[PDB]
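A.B. asks: Quick one: this structure, given as structure tokens, is what I'll be asking you about.
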Number of protein chains: 10
Amino acid sequence: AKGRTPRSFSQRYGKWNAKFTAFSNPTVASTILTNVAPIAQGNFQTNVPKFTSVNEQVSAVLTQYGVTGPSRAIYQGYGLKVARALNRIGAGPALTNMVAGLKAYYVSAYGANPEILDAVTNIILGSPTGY
Amino acid sequence: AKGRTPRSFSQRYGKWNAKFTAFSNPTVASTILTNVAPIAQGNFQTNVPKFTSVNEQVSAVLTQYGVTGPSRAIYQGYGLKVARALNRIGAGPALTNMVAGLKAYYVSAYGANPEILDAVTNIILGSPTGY
Amino acid sequence: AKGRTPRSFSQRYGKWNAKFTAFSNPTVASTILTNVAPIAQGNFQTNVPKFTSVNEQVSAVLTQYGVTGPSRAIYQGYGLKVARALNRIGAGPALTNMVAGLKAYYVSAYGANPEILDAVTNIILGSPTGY
Amino acid sequence: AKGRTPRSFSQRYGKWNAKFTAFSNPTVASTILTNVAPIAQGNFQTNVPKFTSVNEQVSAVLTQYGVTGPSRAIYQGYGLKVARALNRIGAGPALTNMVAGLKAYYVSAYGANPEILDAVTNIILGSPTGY
Amino acid sequence: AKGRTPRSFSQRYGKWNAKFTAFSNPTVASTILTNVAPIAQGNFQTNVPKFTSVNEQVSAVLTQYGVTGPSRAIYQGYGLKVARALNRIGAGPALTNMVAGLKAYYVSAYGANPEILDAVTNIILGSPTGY
Amino acid sequence: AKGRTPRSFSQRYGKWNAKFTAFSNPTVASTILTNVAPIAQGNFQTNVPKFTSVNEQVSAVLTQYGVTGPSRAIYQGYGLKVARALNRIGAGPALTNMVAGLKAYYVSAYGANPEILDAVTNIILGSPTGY
Amino acid sequence: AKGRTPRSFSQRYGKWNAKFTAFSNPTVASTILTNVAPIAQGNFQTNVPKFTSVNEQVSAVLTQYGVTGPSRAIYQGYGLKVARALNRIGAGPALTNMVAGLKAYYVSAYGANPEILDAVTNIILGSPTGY
Amino acid sequence: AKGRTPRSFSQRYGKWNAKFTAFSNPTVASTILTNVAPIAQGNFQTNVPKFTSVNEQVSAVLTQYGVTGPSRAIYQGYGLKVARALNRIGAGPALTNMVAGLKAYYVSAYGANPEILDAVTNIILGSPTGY
Amino acid sequence: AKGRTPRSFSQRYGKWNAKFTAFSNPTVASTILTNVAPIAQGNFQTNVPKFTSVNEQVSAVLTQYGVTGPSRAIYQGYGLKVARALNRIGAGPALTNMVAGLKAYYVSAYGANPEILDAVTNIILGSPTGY
Amino acid sequence: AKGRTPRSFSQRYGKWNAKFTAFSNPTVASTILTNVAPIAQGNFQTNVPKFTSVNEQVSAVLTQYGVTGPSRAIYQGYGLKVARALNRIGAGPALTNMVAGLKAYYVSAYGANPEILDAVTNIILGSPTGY
């Protein structure tokens, strides 16, 4: 019962502004954040290492291909994207379909190199295709 | 002088946790949010109508094709993605490159229909390719 | 969701000014800095030794070549730049590309001597080219 | 009488730690920042418009050449670098020397396109060489 | 009766440390600085414009000769040195002696260019020799 | 990011005045100075003996040449100058260049005696030229 | 329903005089201007930077070509006109048509130089024709 | 002594804001407007009839050529432009140059018809060229 | 819409008198001036040091040439005029043109000495011609 | 006893700021302006007609030479300049000298036309040379 009726700009803005003005009260924000602190810490500790390690391995791979500067971010980004998929749906044919989709995305929108995308996918999933 | 040295999971977690604990203070959160409220309201008012209108137009287009349920989300998402591109870099060859990249992304990763993607790109940009 | 919409000068100034005013509060600044103090100390302790060593060794090299005064800053700066690259991406073909680019930068913009740049690169990376 | 005797890692660390511990005091930070707020606002207002305008113009130039994603950052960064030089020393032969050095830097280290570098320095300085 | 008897390291250190420990008192420091604030402000206002103007003129001169980076500081420093002399002893034969001595100093110790030193002392004093 | 934009006299005066007014606070000054006290003591103890010994040796040398009164300060100053160089850059060709430059400085600007300058350089470095 | 019936001189004068006499009331003018002050400030802040930047760039271009005095105003005006077009309709074939028409206008009516108009169009739009 | 030193965006905005805030005071606006009312009425009375009559004559001319809707505004605008010129500088060769420039302007930018432009300038000035 | 219609002496005088009478009101003058006070202070602090320094240097140059009395004002005037140009348009060919024009102006109208004009433009701009 | 001692920037600024802060008082400004109103009116009435008539005559001259736009201002200004001389010193050899100096000024610094300057001088003084 959250997205059942259409909400126009006026309604979205009104409700967003009401909730923002409410969260800016000292007691409201303090209470909410102090109560959600341990769960947030647990979620960070559960999820972030899988992505920090991907950062480190993709850095190792990018240094061997001579990629420097902001052009590194491209492949770093792609790697993180793949890791997200592996975290969300697991390994299997769906992950293969998403890896192909992500490679097409990056190659045709951002001019990424298919060879370095294969190298990143190999360091993350074990195979260039990911089977 | 922000992303100059590599940060491991320990350093990221420690700094994120220090900042999250600091922001949970009543005075800190209330002060920051009460100071940034008008700029946030202005940015919302400046940016969201361009996306609410895309929502309504793509809804109208999707009803003409019989798309129902979560399958609508796919195309809605695509539309917003395209709108984001138009908002960020502007109209021109870069926009056509990104539209082609997004079409490849969605068709090959999420099994989207090319005809409905063309119809959505037409209602948003004016032509299926976006020239 | 940080650099997705373009920000004009008035928006940048409004947000920067709101945040500067919020941080000037005694409670906000004291809380944030007292929370991030141990992490800042740890980052300083892990990173700065690598650069104090470079300072010492480039000083030793510059004394043997007769460089005095602000002209030492030139080469000191160059050295630190190279060290930054080594701290960021590691050794390999990428570090080679960046060392060549930095040598071109300094020789063309600041009238540096190629021989002393080779000497600083030799004392830092082990060889003039840096392989 | 600031950089006259050599400082080792332990001396730099001790002094940086002393000053950082002192600034974390509520009264010290509050006083310093509340006193320097108007001058910081004046400096922001004097300087930042020159760079936001460069951002917008280079965005326009980059959309006509088909550059998307983090590849834009490269050229954006280069443009800002050039603007920095024009703000520091002004127009003249020194600016020509630095523009040549910056093009060498970016082309050799980050693999930039010479034509797009020419277009960016043309929208900023008026000429590809910058005379 | 200030520098009449010789002081060894132990005596210099004892007295310097006594005075530094005394000035660290809240009342001592606050009283002394609050009392000397207006006289210090007047001294600053009286003296600094003569050197800000020298900075701007030497910058205009250095851009015409293609000097960039730390190599500018050399000439900038020389300029300020000359301005110091002009402030202290005034124009006349003593100023000529000191200009010759400063040129010898800079050319022999820091590898400065005689032509740019002539241009700098010409923008400051009106003549390359300073007569 | 400290000397990247040009500051005029009004900006320099505004920031200097703000910082001077802030430091005159009892808590600000007392906290900063009490925090930097041990590091300042350590730096004094590390550096000042090398200069008190130079004072003693140059005084011994000057008594053997009949130098009395303010004329002693000249050579004393030169001695300290030379010692500064030795403490900063070390022994080598750069120290030779700086000793030659300082000799030219003193002989041509302050009318010092070349023989006594050679004697002071001998007592400090071990040779008149300093090799 | 504003421009539907023809209005002669006496009707325009009667209505203009009525509205001007009404706005001269203290309460009327005070209320209207106090209510529109924030929106006016916002419109100024969003629009004027784009034109001040044009002023500085065209000033730089005109100094390089030797234009002095009121003859500068000519080209300044032209530049602003071009900028106005880019603000209103955007980049594309319509902006090309408007730029060609504006060049024809100024070269025929005000004796402007075609090559300096090309240089102004180049600093503003990126190209002499502005494609 | 009004346009002698360059004003940046912050200076223009500051002065415009100060003046706009001052004018919204009840007494300031009321006084200024009730003082300038008779002079404004006189200026309106002496100037506007020349343009109302031009509007009527150009309306009559446009109805004879079949121009309807917003396409009328074009020529109406053109006529007023010519009328402004005849009011500012008078009849003569300068008016010939300006009429030629205005025709080139409107024909190249707004796609106006040369025949209807000749008819409008003939009903206004007496001749198609305006001699 | 300020200088579009010609104004005779009666209109200029009537409007000037109305505005002078309005400004003499206590509330009007007080509000306007109190509102524009900080911007005026900032503009004074921004611009006047450049001209105070020029006055001081030109007086220094004039004492060396034996110029006394109101004859000094001539050259001071020239100097200030030159500084004005440098503040307005910048350095470049346009400044060369205006310096030549100012020298011709002063030599032909006021009987100034060409060599002393060379000396003044030398102390201000760097060379007698000003390149 | 007004210009007998040299005044530095801080003295000029302090006195100007004192007088400006004083004049912003309601009573001070009101009293001064209300007292000087009739003298200001008389000075305006005595002087401005001589310059409005010059404006009208020079407009008539410029229209028959084909001068349009901002280029008119040049000659208008020149004319006013000449009229100023005639109002200050009157007719005679000094006026011939100033007319020659003004023609040199305008032709060299602003690229004015000698023939149109002759026509302006002839309509103002009766002869191109002004004898």
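Quick note on naming: the chains in the structure tokens go A, B, ... in the order shown, residues restart at 1 in each chain, and ligands are numbered from 1 in order of appearance.
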Within 9 Å of region 30-33 of chain F, counting only C-alpha atoms, which residues qualify if same-chain residues fewer than 4 places away don't, as a PyMOL selection string?

C.D. replies: (chain D and resi 18-19+21-23+25+28) or (chain E and resi 20-21+23-27+29-30) or (chain F and resi 23+25-26+37)

A.B. asks: Next, dump the selected residues to file, keeping only N, CA, C and O atoms, as a JSON list (two decimals), in the first residue's frame.

C.D. replies:
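Final output, saved to part13.json:
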```json
[["chain", "number", "residue", "atom", "x", "y", "z"],
["D", 18, "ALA", "N", 49.92, 17.76, 17.84],
["D", 18, "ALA", "CA", 49.65, 18.80, 18.82],
["D", 18, "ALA", "C", 48.64, 19.81, 18.29],
["D", 18, "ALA", "O", 47.68, 20.16, 18.97],
["D", 19, "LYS", "N", 48.84, 20.27, 17.06],
["D", 19, "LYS", "CA", 47.92, 21.25, 16.49],
["D", 19, "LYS", "C", 46.54, 20.65, 16.24],
["D", 19, "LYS", "O", 45.52, 21.32, 16.43],
["D", 21, "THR", "N", 45.14, 18.14, 17.93],
["D", 21, "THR", "CA", 44.52, 17.98, 19.24],
["D", 21, "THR", "C", 44.04, 19.32, 19.77],
["D", 21, "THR", "O", 43.00, 19.38, 20.44],
["D", 22, "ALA", "N", 44.78, 20.40, 19.51],
["D", 22, "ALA", "CA", 44.36, 21.71, 19.97],
["D", 22, "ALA", "C", 43.11, 22.19, 19.24],
["D", 22, "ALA", "O", 42.19, 22.75, 19.85],
["D", 23, "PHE", "N", 43.07, 21.99, 17.92],
["D", 23, "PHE", "CA", 41.93, 22.46, 17.14],
["D", 23, "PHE", "C", 40.63, 21.75, 17.50],
["D", 23, "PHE", "O", 39.56, 22.32, 17.34],
["D", 25, "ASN", "N", 39.49, 21.24, 20.35],
["D", 25, "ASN", "CA", 38.83, 21.92, 21.45],
["D", 25, "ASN", "C", 37.62, 22.68, 20.92],
["D", 25, "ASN", "O", 37.68, 23.26, 19.84],
["D", 28, "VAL", "N", 38.45, 26.61, 20.68],
["D", 28, "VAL", "CA", 39.47, 26.95, 19.70],
["D", 28, "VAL", "C", 38.90, 26.92, 18.29],
["D", 28, "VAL", "O", 38.99, 27.89, 17.53],
["E", 20, "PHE", "N", 58.80, 30.98, 27.52],
["E", 20, "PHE", "CA", 57.79, 30.25, 26.76],
["E", 20, "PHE", "C", 56.76, 29.61, 27.69],
["E", 20, "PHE", "O", 55.58, 29.53, 27.36],
["E", 21, "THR", "N", 57.21, 29.13, 28.85],
["E", 21, "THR", "CA", 56.29, 28.57, 29.82],
["E", 21, "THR", "C", 55.42, 29.66, 30.44],
["E", 21, "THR", "O", 54.24, 29.43, 30.74],
["E", 23, "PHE", "N", 54.49, 32.52, 28.91],
["E", 23, "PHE", "CA", 53.54, 33.00, 27.92],
["E", 23, "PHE", "C", 52.42, 32.00, 27.65],
["E", 23, "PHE", "O", 51.36, 32.40, 27.15],
["E", 24, "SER", "N", 52.61, 30.72, 27.97],
["E", 24, "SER", "CA", 51.56, 29.73, 27.80],
["E", 24, "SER", "C", 50.41, 29.91, 28.78],
["E", 24, "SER", "O", 49.38, 29.26, 28.61],
["E", 25, "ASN", "N", 50.58, 30.75, 29.80],
["E", 25, "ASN", "CA", 49.49, 31.03, 30.72],
["E", 25, "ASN", "C", 48.35, 31.71, 29.98],
["E", 25, "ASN", "O", 48.59, 32.53, 29.09],
["E", 26, "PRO", "N", 47.09, 31.38, 30.29],
["E", 26, "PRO", "CA", 45.97, 32.06, 29.62],
["E", 26, "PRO", "C", 45.98, 33.56, 29.82],
["E", 26, "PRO", "O", 45.86, 34.33, 28.85],
["E", 27, "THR", "N", 46.14, 34.01, 31.06],
["E", 27, "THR", "CA", 46.07, 35.43, 31.36],
["E", 27, "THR", "C", 47.24, 36.18, 30.74],
["E", 27, "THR", "O", 47.04, 37.25, 30.15],
["E", 29, "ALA", "N", 49.23, 35.50, 28.07],
["E", 29, "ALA", "CA", 49.11, 35.61, 26.62],
["E", 29, "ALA", "C", 47.96, 36.51, 26.22],
["E", 29, "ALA", "O", 48.12, 37.40, 25.38],
["E", 30, "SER", "N", 46.77, 36.27, 26.78],
["E", 30, "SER", "CA", 45.61, 37.06, 26.39],
["E", 30, "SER", "C", 45.82, 38.54, 26.69],
["E", 30, "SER", "O", 45.52, 39.40, 25.85],
["F", 23, "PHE", "N", 43.53, 34.29, 17.96],
["F", 23, "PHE", "CA", 44.58, 33.78, 18.83],
["F", 23, "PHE", "C", 44.68, 34.55, 20.14],
["F", 23, "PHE", "O", 45.21, 34.02, 21.11],
["F", 25, "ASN", "N", 42.38, 35.13, 22.16],
["F", 25, "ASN", "CA", 41.50, 34.53, 23.15],
["F", 25, "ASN", "C", 42.33, 33.80, 24.20],
["F", 25, "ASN", "O", 43.37, 33.22, 23.87],
["F", 26, "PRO", "N", 41.92, 33.83, 25.47],
["F", 26, "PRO", "CA", 42.69, 33.09, 26.48],
["F", 26, "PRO", "C", 42.76, 31.60, 26.21],
["F", 26, "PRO", "O", 43.85, 31.01, 26.22],
["F", 37, "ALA", "N", 54.13, 23.01, 23.39],
["F", 37, "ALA", "CA", 55.29, 23.21, 24.26],
["F", 37, "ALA", "C", 56.36, 22.12, 24.15],
["F", 37, "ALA", "O", 57.53, 22.46, 23.93]]
```

A.B. asks: Output the contact residues of chain I with respect to chain F at a cut-off of 12 Å, based on only C-alpha atoms, as JSON, numbers by chain.

C.D. replies: {"I": [41, 42, 43, 44, 45, 46, 47, 48, 49, 50, 53]}

A.B. asks: Okay, now the selection with N, CA, C and O atoms, as a compact mmCIF listing (two decimals), in the first residue's frame?

C.D. replies:
```txt
# COMPACT_ATOMS: atom_id res chain seq x y z
N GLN I 41 32.81 50.31 0.71
CA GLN I 41 34.05 50.03 1.43
C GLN I 41 34.86 48.95 0.72
O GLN I 41 36.08 49.08 0.59
N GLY I 42 34.20 47.89 0.27
CA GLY I 42 34.90 46.83 -0.44
C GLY I 42 35.51 47.30 -1.74
O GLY I 42 36.63 46.92 -2.08
N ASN I 43 34.80 48.14 -2.49
CA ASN I 43 35.33 48.62 -3.76
C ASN I 43 36.51 49.57 -3.54
O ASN I 43 37.50 49.53 -4.30
N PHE I 44 36.44 50.41 -2.51
CA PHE I 44 37.58 51.25 -2.15
C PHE I 44 38.80 50.39 -1.80
O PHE I 44 39.88 50.57 -2.36
N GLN I 45 38.62 49.42 -0.89
CA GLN I 45 39.71 48.54 -0.50
C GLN I 45 40.25 47.73 -1.67
O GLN I 45 41.42 47.34 -1.67
N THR I 46 39.41 47.45 -2.67
CA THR I 46 39.86 46.64 -3.80
C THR I 46 40.66 47.46 -4.79
O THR I 46 41.65 46.98 -5.35
N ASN I 47 40.28 48.72 -5.01
CA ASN I 47 40.87 49.47 -6.12
C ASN I 47 41.91 50.50 -5.73
O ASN I 47 42.85 50.71 -6.49
N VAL I 48 41.78 51.16 -4.58
CA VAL I 48 42.62 52.32 -4.28
C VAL I 48 44.09 52.00 -4.01
O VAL I 48 44.95 52.83 -4.33
N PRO I 49 44.45 50.84 -3.43
CA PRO I 49 45.89 50.57 -3.23
C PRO I 49 46.72 50.60 -4.50
O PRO I 49 47.87 51.07 -4.48
N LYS I 50 46.17 50.12 -5.62
CA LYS I 50 46.88 50.16 -6.89
C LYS I 50 47.26 51.57 -7.30
O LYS I 50 48.26 51.75 -8.00
N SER I 53 49.98 53.19 -4.55
CA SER I 53 51.34 52.75 -4.86
C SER I 53 51.91 53.50 -6.06
O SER I 53 53.10 53.85 -6.07
```

A.B. asks: Just to confirm, what's the straight-line distance from CA of residue 87 (chain E) to CA of residue 115 (chain E) in Å (one decimal)?

C.D. replies: 24.1 Å

A.B. asks: If you measure from CA of residue 6 (chain E) to CA of residue 90 (chain F), what distance in Å do you get, rounded to one decimal?

C.D. replies: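 So the two atoms, CA of residue 6 (chain E) and CA of residue 90 (chain F), lie 28.5 Å apart.
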
A.B. asks: When you draw a straight line from CA of residue 12 (chain B) to CA of residue 16 (chain C), how long is it in Å?

C.D. replies: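 Atom-to-atom, CA of residue 12 (chain B) and CA of residue 16 (chain C) are spaced 24.1 Å apart.
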
A.B. asks: Please identify all polymer residues within 12 Å of residue 122 (chain B), counting only C-alpha atoms, omitting same-chain residues fewer than 3 positions from it, and present them as a compact mmCIF listing (two decimals) with N, CA, C and O atoms, in the first residue's frame.

C.D. replies:
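Output file out04.txt is given in full below:
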```
# COMPACT_ATOMS: atom_id res chain seq x y z
N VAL B 54 8.47 12.76 -17.00
CA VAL B 54 8.88 11.55 -17.70
C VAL B 54 8.08 10.36 -17.20
O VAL B 54 7.64 9.51 -17.98
N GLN B 57 4.54 10.59 -18.81
CA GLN B 57 4.53 10.32 -20.24
C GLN B 57 4.84 8.87 -20.56
O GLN B 57 4.21 8.27 -21.44
N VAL B 58 5.82 8.28 -19.87
CA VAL B 58 6.15 6.88 -20.12
C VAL B 58 5.03 5.98 -19.65
O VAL B 58 4.78 4.93 -20.25
N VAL B 61 2.66 5.98 -22.49
CA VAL B 61 3.18 5.17 -23.60
C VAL B 61 3.05 3.68 -23.29
O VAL B 61 2.72 2.88 -24.17
N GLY B 79 13.45 4.89 -18.86
CA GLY B 79 13.13 6.27 -19.12
C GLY B 79 13.87 7.21 -18.20
O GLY B 79 14.54 8.14 -18.66
N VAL B 82 17.46 7.54 -19.11
CA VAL B 82 17.67 8.41 -20.26
C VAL B 82 17.51 9.86 -19.86
O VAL B 82 18.34 10.71 -20.20
N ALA B 83 16.46 10.16 -19.09
CA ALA B 83 16.27 11.54 -18.64
C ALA B 83 17.49 12.03 -17.89
O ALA B 83 17.97 13.14 -18.15
N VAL B 99 22.49 6.83 -25.13
CA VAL B 99 21.20 6.18 -25.36
C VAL B 99 21.41 4.81 -26.00
O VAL B 99 20.75 3.83 -25.62
N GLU B 115 11.11 -2.52 -29.23
CA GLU B 115 10.08 -1.61 -29.72
C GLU B 115 9.59 -0.68 -28.62
O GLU B 115 9.40 0.52 -28.85
N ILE B 116 9.39 -1.21 -27.41
CA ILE B 116 8.93 -0.35 -26.33
C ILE B 116 10.04 0.59 -25.87
O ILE B 116 9.77 1.72 -25.47
N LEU B 117 11.29 0.15 -25.96
CA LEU B 117 12.40 1.06 -25.66
C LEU B 117 12.46 2.19 -26.67
O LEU B 117 12.73 3.34 -26.32
N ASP B 118 12.22 1.87 -27.95
CA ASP B 118 12.13 2.91 -28.97
C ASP B 118 11.00 3.88 -28.68
O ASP B 118 11.17 5.10 -28.81
N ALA B 119 9.84 3.37 -28.28
CA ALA B 119 8.69 4.23 -28.00
C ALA B 119 8.96 5.14 -26.80
O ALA B 119 8.56 6.31 -26.79
N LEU B 125 12.90 11.93 -25.92
CA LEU B 125 13.85 12.73 -26.67
C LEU B 125 13.31 13.26 -27.99
O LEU B 125 13.83 14.26 -28.50
N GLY B 126 12.28 12.63 -28.56
CA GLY B 126 11.68 13.07 -29.79
C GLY B 126 11.90 12.13 -30.96
O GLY B 126 11.06 12.09 -31.86
N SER B 127 12.98 11.37 -30.96
CA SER B 127 13.23 10.37 -31.99
C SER B 127 13.73 9.11 -31.32
O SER B 127 14.34 9.17 -30.24
N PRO B 128 13.48 7.94 -31.92
CA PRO B 128 13.95 6.68 -31.30
C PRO B 128 15.44 6.64 -31.01
O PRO B 128 15.84 6.15 -29.95
N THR B 129 16.27 7.12 -31.94
CA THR B 129 17.71 7.13 -31.70
C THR B 129 18.13 8.31 -30.84
O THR B 129 19.17 8.24 -30.16
N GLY B 130 17.37 9.39 -30.85
CA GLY B 130 17.66 10.54 -30.03
C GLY B 130 18.44 11.65 -30.69
O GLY B 130 18.91 12.56 -29.99
N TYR B 131 18.60 11.63 -32.01
CA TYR B 131 19.38 12.65 -32.71
C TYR B 131 18.74 14.02 -32.54
O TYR B 131 18.00 14.48 -33.41
```
